[PDB]
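In: let me give you the complex in parts, starting here:
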Amino acid sequence: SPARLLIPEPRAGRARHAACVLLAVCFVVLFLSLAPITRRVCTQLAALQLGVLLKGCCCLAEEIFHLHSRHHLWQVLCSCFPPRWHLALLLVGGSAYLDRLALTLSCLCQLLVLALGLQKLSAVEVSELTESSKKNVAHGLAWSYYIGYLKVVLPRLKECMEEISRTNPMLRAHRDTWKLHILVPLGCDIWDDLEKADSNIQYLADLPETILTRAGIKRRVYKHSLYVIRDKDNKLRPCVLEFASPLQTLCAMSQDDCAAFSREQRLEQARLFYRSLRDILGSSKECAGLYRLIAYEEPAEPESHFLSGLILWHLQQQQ
Amino acid sequence: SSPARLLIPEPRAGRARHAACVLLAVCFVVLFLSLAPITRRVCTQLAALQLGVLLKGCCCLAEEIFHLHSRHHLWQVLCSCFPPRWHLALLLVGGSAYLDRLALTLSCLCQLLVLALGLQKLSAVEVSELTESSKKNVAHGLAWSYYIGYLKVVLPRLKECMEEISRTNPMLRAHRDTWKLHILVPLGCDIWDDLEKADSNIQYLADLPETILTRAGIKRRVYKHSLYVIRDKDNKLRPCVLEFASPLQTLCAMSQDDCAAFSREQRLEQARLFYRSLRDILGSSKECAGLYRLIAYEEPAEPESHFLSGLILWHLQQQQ
């Protein structure tokens, strides 16, 4: 190869073997040249093993607020501590039974270490955490969707709508709702059309063509569909509706055999994608007021006009 | 109010530190009620707890010796393995040694036994916080989105498109073992719109007009790929089907934005990670078993006017 590529390889995780061999060297050194000594060693091991309890208590105190939003109660208790938590309890109980200045001194120094935060993570640990997680797709989908589509199609919407508003008085009447409505259900189902998703949604027509030139032979053509949705017996409301492609990407990736993408983590990925897309769209100056994305979950009771009511509420919010 | 109901998990308020501080104040208040030499024991225990990260850093550098040349190229390896907050650990160890080695032996034994056994792991809270706090990890998402959107829909329908192409001109019918789409992924982010201008030996052979249509966000399938001709030495000419990586253009555009605050070294790292992720995703696929060949190159320091053409010709030669 003319270009000698230099690509990193995944770490083999051989630090365990080095730790084991140095531990064996430590044994062979200590044995050459004693039950109370072993008891003291066990007590010392139990001495620094109680900091996990303090860290878990602090995390629980900090996370009791988000308990309702994330875990709605045993999940909160089991999440704030590692699954191997009773071992520390057994060790501290054994140390107490065998024997309190040392205990309170150890608690004080451990809590001081926790407060000062001098036990941080080096570069290798954070690098391994970034490399290992192969399912953090939400940020990628958010940035890709933004840059690829919204940064290039959103600004040329008011000018594309004003020409129709010149001849159609209905569009001129509803001037405050000329934005693009993004449908992002927290699940992953995508309806083929919005006419059969809800009987209260009526298709009207497609917006005029959007022409982009690329080298003069390649043309990027964008189509938007304008819908009319019927409220109660007051009037008819027009709007432009479409779903989010990253949701379709997640849905198609879940069905893949080599992806190993389950359903419990797909919901988390969709939620993270929605949050990231909102956070990156809210700080954009190009599409400052050219968008409104609506998020929902399908109700347990199959109401036939739930989505339509949500869109009507959202449309009435602008006025 | 709202027909639906959403519970958006806003990020942590970071009040765990406040709880630790108030507990520490309570501990001082308790110690005030109801001494001096105990400070020596406290310092020795602090040194014993601090030497654990030193042992972990030593093990990490021992494991990273092999990756030294690939990533860091000697001081960089030890700087990365050891957390910068380690001078105070050395000071504490020196003070403990001067103050006094059975205690040190048992302390280090316990520390490295805990480290080797691996019974101290991360609970859900901290791993979730790390997952949701690192805002820039677009490599895996971009790789998956690119694969699903493009590489899983046009690669299977590559034999027939080039079959009609060869029907138009039988010149490429002679070459049958190089009937796969070539992908160029520069480890930087430069993308040439006119690939004929990148190198003087790459010339078009067939590019029929085609319009890319998206109806309400649904992109229409692509039925044509641009056929090229890379001029070899004065012996023959060879055709190819060439493409660039759109996610690299996404990285470039993200780096251009001021609100993104996306730098150059991070861009290089994300590009390399995207390359690795895409290679691993395509390696374990079934529909795209052998209908692709992705070429990764890093632009050379010395100015060469015919670097890319030679590289693709070499890739074609190994393809044969």
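Out: Good, I have the coordinates. Numbers count the residues shown, from 1 in each chain, chains lettered A, B, ... in the order given.
In: so which residue of chain A comes closest to chain B?
Out: Nearest residue of chain A to chain B: residue A:140, at 1.4 Å (CB to the nearest CB). C-beta here means a position set from N, CA and C on the backbone, and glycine is covered the same way.
In: OK, contacts around the closest residue to residue A:148 other than its chain neighbours?
Out: Leaving aside its sequence neighbours, residue A:148 sits nearest to residue B:250 (CB to CB, 6 or more residues apart in numbering or on different chains; 6.9 Å). Shown in contact with residue B:250 (CB atoms under 8 Å, 6 or more residues apart in numbering or on different chains): A:143, A:144, A:147, A:148, B:138, B:142.
In: just confirm the last one is within a helix.
Out: Yes: per DSSP: H, G, I helix; E, B strand; the rest coil, residue B:142 lies within a helix segment.
In: what number of residues lie near it?
Out: Using other CB atoms under 10 Å in any protein chain shown, residue B:142 has 29 neighbouring residues.
In: so what's it up against?
Out: Neighbours of residue B:142 in contact, by CB under 8 Å, 6+ apart: A:140, A:143, A:144, B:247, B:250, B:251, B:274.
In: rerun at 10 Å
Out: By CB atoms under 10 Å, 6 or more residues apart in numbering or on different chains, the contact list for residue B:142 reads A:137, A:139-141, A:143-144, B:245-248, B:250-251, B:254, B:270-271, B:273-274, B:277-278.
In: ditto for the fifth one
Out: Listed by CB under 10 Å, 6+ apart, the contact set of residue B:138 reads A:136-144, A:147, B:145, B:247, B:250-251, B:254, B:262, B:270, B:273-274.
In: could you redo the last one with a cut-off of 7 Å?
Out: Each residue near residue B:138 by CB atoms under 7 Å, 6 or more residues apart in numbering or on different chains is listed here: A:139, A:140, A:143, B:270.
In: and stretch A:254-267, how far apart are its ends?
Out: 11 Å (CA to CA, to the nearest Å).
In: no, scratch that, I was asking about stretch A:72-82
Out: In stretch A:72-82, first residue to last residue: 20 Å (CA to CA).
In: ok, back up a step: would you say the residue nearest to residue A:148 is within a helix?
Out: Yes: the assignment for residue B:250 by three-state DSSP puts it in a helix.
In: between all of the contacts of residue B:250, which two are separated the most?
Out: Using CB to CB, these span at most 12.1 Å, a distance reached by A:148 and B:138.
In: here's chain C, drop it onto the model above:
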Amino acid sequence: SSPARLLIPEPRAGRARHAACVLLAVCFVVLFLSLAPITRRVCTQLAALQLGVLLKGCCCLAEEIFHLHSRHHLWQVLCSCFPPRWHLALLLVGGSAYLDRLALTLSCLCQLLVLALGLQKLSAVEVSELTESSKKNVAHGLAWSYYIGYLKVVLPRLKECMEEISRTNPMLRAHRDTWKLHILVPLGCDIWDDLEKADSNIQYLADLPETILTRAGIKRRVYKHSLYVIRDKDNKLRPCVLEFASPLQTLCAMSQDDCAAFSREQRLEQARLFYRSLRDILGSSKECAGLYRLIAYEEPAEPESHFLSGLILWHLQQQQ
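Out: One more chain to add, chain C, which I have set with the ones above:
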């Protein structure tokens, strides 16, 4: 109300654990009413009861040494033979040994005596719960449904259909000893809709068009089978009848289904179990005595373009 009267057996609420807990609380309360050395006796009895699972695991590994190469290939055998929650049994055994070996000998003798006589067997409730709890055991059901629906109605009427086929073209009268349908069952789940694109040596010879009609769920019989020709070496050609397995398509669709939550390891296990069940069902039949041949293959790691046709050619050579 309702004209019918159905008492469906809804699944159990799992309230036996609550009964165990309340009886444990009652026993604790009773022990509180009306001492320390009794804890040692309790621990010894617990260790004596716990060593039974260790003995069972030893017997299981002794039995599975033979099947190690067939299923697990050595740590996998040890992991399967023993329950994961086995460390505490060893801890109890070590504690009992440290506290004290006639008692250990008699306790282990009693435990292995119980294991040998097999007087500890599951009741009706436990086996019923185990049968009704496994929601993914479709191998036997799919095998039986395939056999009854398709394999029992078309195979007996196979000589005569190929008799009219030979009447149309008599080239196949020479191969009189291969008048049996070939079933292709890959242990994976990939299915080729068009058998031409699977291999270059498989060519069609005769497809008389036929419409498969089902009236109100009742499927009509099949009066035509698709005849193929397999290209051997440069000596002659060989005709064949090929067909895949629909239950493999069912497994593939179950895996692709979102609400099924059906993984890949389970898919391979179910495919192997389905193949074994189908082979055992067909081998003990009377109508299908010698009018079938099922070919099971695993896709090779190395890519080969003429493997499947070669395997069919080997089966035809051995069929002579």
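In: chain C added, so what about the contacts of residue B:138 now?
Out: Contacts for residue B:138 (CB under 7 Å, 6+ apart) come out as A:139, A:140, A:143, B:270.
In: again, 6 Å this time
Out: A:139, A:140, A:143 (CB atoms under 6 Å, 6 or more residues apart in numbering or on different chains).
In: of these, closest to chain C?
Out: residue A:140 (22.0 Å).
In: and the residue of the stretch 201-319 of chain A found nearest chain C, what are its phi and psi?
Out: Nearest residue of the stretch 201-319 of chain A to chain C (CB to the nearest CB) works out as residue A:255 at 5.1 Å. Backbone geometry at residue A:255, expressed as degrees, to the nearest 10, gives phi -70, psi -20.
In: go on, residue A:10?
Out: Reported as degrees, to the nearest 10, the phi and psi values for residue A:10 are phi -60, psi 140.
In: same check, this time on residue A:298
Out: Here is the backbone geometry of residue A:298 (degrees, to the nearest 10): phi -60, psi 130.
In: how about residue A:187?
Out: Backbone torsions of residue A:187, given as degrees, to the nearest 10, read phi -80, psi -140.
In: and residue A:189, by the same measure?
Out: According to degrees, to the nearest 10, residue A:189 has phi -70, psi 140.
In: also put chain D on there:
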Amino acid sequence: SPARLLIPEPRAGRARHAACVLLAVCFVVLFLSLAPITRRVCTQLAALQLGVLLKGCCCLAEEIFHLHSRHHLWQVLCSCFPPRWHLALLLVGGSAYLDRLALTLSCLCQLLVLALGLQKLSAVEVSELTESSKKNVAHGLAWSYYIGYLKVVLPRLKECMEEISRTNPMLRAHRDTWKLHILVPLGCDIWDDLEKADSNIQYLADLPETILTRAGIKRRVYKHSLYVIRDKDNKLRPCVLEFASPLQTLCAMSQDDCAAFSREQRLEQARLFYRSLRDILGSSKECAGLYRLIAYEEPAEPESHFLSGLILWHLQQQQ
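Out: Putting chain D onto the chains we already have gives this:
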């Protein structure tokens, strides 16, 4: 063979011979180098034979609620305990006759083990139990029926019925009952046609062909029969009726000599098939409301209009 296959073989069950040789080894070891010792061994053996009694008692306590549904009373007592339960009673009686703290300690230990449930099953036992059951075809039949037939014929029903409806006012009037009515009798008898099964069911016509193209020469064409049922002296009701093929499969394999498929457990298999089909149909988003499976048991008195009244009730339920 080009691909040497590695297929598992049934386990020979030779762990029992290992247990027997261990019996012999332990006996010859203990004999080398004692009536009270034998009595103590018998007492220890009786000590751990008492846990099955507590297991049966807890099972009876948890199953007294399901007794009416599953066993309708001696069967409840016999099912919750192993048949070889009198042996434990004999051993405990002998231990009591030979001889109180030890019994209470053993009972407490057994209760603690049962409550914690640390005596679970390893991988080999569950694999053997999943391989041994060659008759559990309920789940397989349900999944096969679903994927093969319902996921392909159910979606193309409303559109197939609209064309007939637009010319027949009878179909337009009854629009809420355009589902597919699956008949799943808990028995196994399948009528050749519903005309002679009940005198109140009248055949009307066949639905137009559902044409599916495959490779251009293979055509999967479908027929569905549309019936009309005579209610009381009010009106007539049209519906699409059919039986469930897996019941026919069970009936066919019941008659097979090599199957050894009896009749007592055929009812249980059909019932489990019904429950599994209901569970896997109620959670599907494709056939949300395009079906209604009806289950019944043949009454003792051979009424001539039992099934018709049931379909009339199930049809009035939508209205």
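In: ok chain D is loaded, check the contacts of residue B:142 again?
Out: Residue B:142 sits next to A:140, A:144, B:247, B:274 when contact means CB under 6 Å, 6+ apart.
In: swap the cut-off to 7 Å and go again
Out: A:140, A:144, B:247, B:250, B:274.
In: relative to chain D, how far out is it?
Out: Distance, residue B:142 to chain D, using CB to the nearest CB, to the nearest Å: 30 Å.
In: please compute how far stretch A:296-304 lies from its chain's middle.
Out: 23 Å (CA atoms, centre = their mean, to the nearest Å).
In: make that stretch A:297-312, sorry
Out: That offset, for stretch A:297-312, works out to 24 Å (CA atoms, centre = their mean).
In: then stretch A:222-240?
Out: For stretch A:222-240 - counting by CA atoms, centre = their mean - the centre lies 32 Å from the chain centre.
In: what of stretch A:197-209?
Out: 31 Å.
In: likewise stretch A:227-241?
Out: 33 Å.
In: what does stretch A:294-314 give?
Out: 23 Å.
In: again with stretch A:52-71
Out: On CA atoms, centre = their mean, the centre of stretch A:52-71 falls 19 Å from that of its chain.
In: before we move on, what about stretch A:43-52?
Out: For stretch A:43-52, the distance to the chain centre is 35 Å (CA atoms, centre = their mean).
In: what of stretch A:167-177?
Out: Worked out by CA atoms, centre = their mean, stretch A:167-177 lies 37 Å from the chain centre.
In: stretch A:170-190 now?
Out: Taking CA atoms, centre = their mean, one finds stretch A:170-190 lying 23 Å from the centre of the chain it belongs to.
In: tell me which residue is most central in chain A.
Out: residue A:272 (2.1 Å; CA atoms, centre = their mean).
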